[PDB]
Structures are given as structure tokens and as C-alpha cells.
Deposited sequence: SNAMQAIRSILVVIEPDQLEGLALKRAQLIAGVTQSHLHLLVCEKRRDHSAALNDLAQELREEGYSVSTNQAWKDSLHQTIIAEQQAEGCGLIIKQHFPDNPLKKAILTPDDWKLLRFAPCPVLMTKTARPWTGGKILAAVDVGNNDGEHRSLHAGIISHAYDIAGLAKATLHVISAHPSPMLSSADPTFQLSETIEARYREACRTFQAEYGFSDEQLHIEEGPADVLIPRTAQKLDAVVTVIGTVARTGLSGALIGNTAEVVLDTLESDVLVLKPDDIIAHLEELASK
């Protein structure tokens, strides 16, 4: 019940866009989990206090626990992470607004800095489709069961399952294992796969076991299922020079048309919490 355990959600509110999907997803989640909503506008110039008060009043009348703030220091991603630290939020929800209408799935450079440094789960909303009744896709690699991958996969499945339940949606899993006596090593992999299926109670129809590059297999499955949310984890160990997202998550985040919930390994979250608390 990973989502039920999140007791406050940071909702990034845009002042000038015609969609408000960050708050719509926050209302759906908190309507079930009774989580607190902290609404943040990141801007220095205009005084948004009256509009934030009116929005908070309307949500409290609907039964939500709500606080609001307007802040600005240095950059958009730094303002968001500083607010997450001040309010102790366990999830950040932000809507994706692409810089180029001909490259609509590409995240902005500031979105990438938010995903790199956030010391908590980040939900990047990329579609206006409602979650209710849709398909939720979890991305794992059943071919690896070391302590670090077991923990990360358990978190990806816990969050994806809680989302499927609160949205009255169906849950699907994509396992993309790199292409490789070949029949015997395949037995160890088939063993890992059958154990994963029993441990997590997945039907054959829910579990997509595919061989090939994860960076293209994850988006293909999301597109074929018309998934509305994809849950992914960043790489178990950082690459050189602080490259902690990893190539698979970099490509998938810039390609998916679904919303994306980005989780990080516990050891990476702990180090990012230290950096954010400086």
C-alpha cells in the first residue's frame, strides 16, 4: 500500500496553462488515500495569494486537507525540491509542458533536473486522459533478483498496484531482458520469471516477458496497451559523473505518452535527501 502511506503530496500549480492535470491526479489520489495536498506556485512577480486561497477553500469544502504557498528561489526545480523538503511531502506531481510542439514527448531540461535531484517519487503527468478505468503499466527486469533490484521491483509493483486500485484500473507488467547451453541459461531466467509470477500473483495475460532493448520495449508495451500511467525505476547504481537516471529511464521518459511515476532505489533516495537538506 505504497500510495496510502504517502501522507502529503506536493502539487505544482501552473498559473497560465489551460490544463490542470497535476491537481486532477492529486484529487483522485487524495480522494482515496486522504493524503494532504500542498499546492505550490513557483513565481516571483505576480501575487497569486488570493487565487491560491480561493482554490484551497473550494478543495477544503470537497473534504481535502490543503495548504498553499507561492515561492521562488534560483530555479523552478530548486523551488519545487525546497518546498518538498519544507513540507515533508512523499510525492511531487508536476504536469509536463513540452518546449517544441513537434517534439511533444521530450521533457524540458528543468523537468530533467527535478527528476534527477528529487528525493522522493515524482509523477510527471503527460496525458489528459483520466486514470479511472485505464491500464497501469509497471516496468521491471525479472532477470535480476539481487537485493537492490528486489527492493526496487517491490516498490514499482506496490505503487502500480495501489494506483490500479484507487483508479479502478487494470495492472500490467513489462519485463524487458537483454538478448543473450543458451537453452539452459534460459531455464534460470524462466525459473526467475515463474517465481516472480507466483510471488506477485500475475496472470500470463498481465505479464509481458519480452527479449530486446528495454528502452524500446517499455514504450512499445505502453503504446499497445494505451497505458495511462507507467511506473519505472531509475538505475540501481549511478553511472559516471552523477548519471543516476540511467539510459533506459532517460529514453523512456522522453518517449512515453502515458503519465510516468519515477521511483529511485532506497540508497539513491537517502543520498539525495542529504543533498536536498544542505
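Gaps between the deposited sequence and the modelled coordinates occur at 1, 182-191, listed in sequence order.
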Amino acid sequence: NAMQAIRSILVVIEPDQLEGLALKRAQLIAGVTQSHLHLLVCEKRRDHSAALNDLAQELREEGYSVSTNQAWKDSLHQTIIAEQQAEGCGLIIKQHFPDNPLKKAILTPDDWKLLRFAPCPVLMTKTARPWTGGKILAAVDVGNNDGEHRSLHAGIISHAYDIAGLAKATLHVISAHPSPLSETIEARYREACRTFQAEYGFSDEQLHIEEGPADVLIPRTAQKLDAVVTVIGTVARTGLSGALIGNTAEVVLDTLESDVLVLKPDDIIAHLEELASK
From here on, numbers count along this sequence of modelled residues.
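Per-stretch averaging of Cα B factors for 245-253 and 209-217 places 209-217 on top. Comparing 33-41 with 232-240, the stretch with the higher mean C-alpha B-factor in the PDB entry is 232-240.
Taking the PDB entry at face value, the top CA B factor among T127, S158, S151, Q85 belongs to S151.
The maximum CA B-factor among the listed residues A192, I174, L171, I92, taken from the PDB record, is found at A192. Among all modelled residues in this chain, the alpha-carbon of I136 has a temperature factor (C-alpha) in the lowest third. The PDB entry assigns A270 a C-alpha temperature factor belonging to the highest third of its chain's modelled residues.
Ranked against the other modelled residues of its chain, the C-alpha B-factor of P180 as given in the entry falls in the highest third. Compared with the other modelled residues of the chain, the Cα B-factor recorded for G165 ranks in the middle third. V142 sits in the highest third of its chain by CA B factor, as recorded in the PDB entry.
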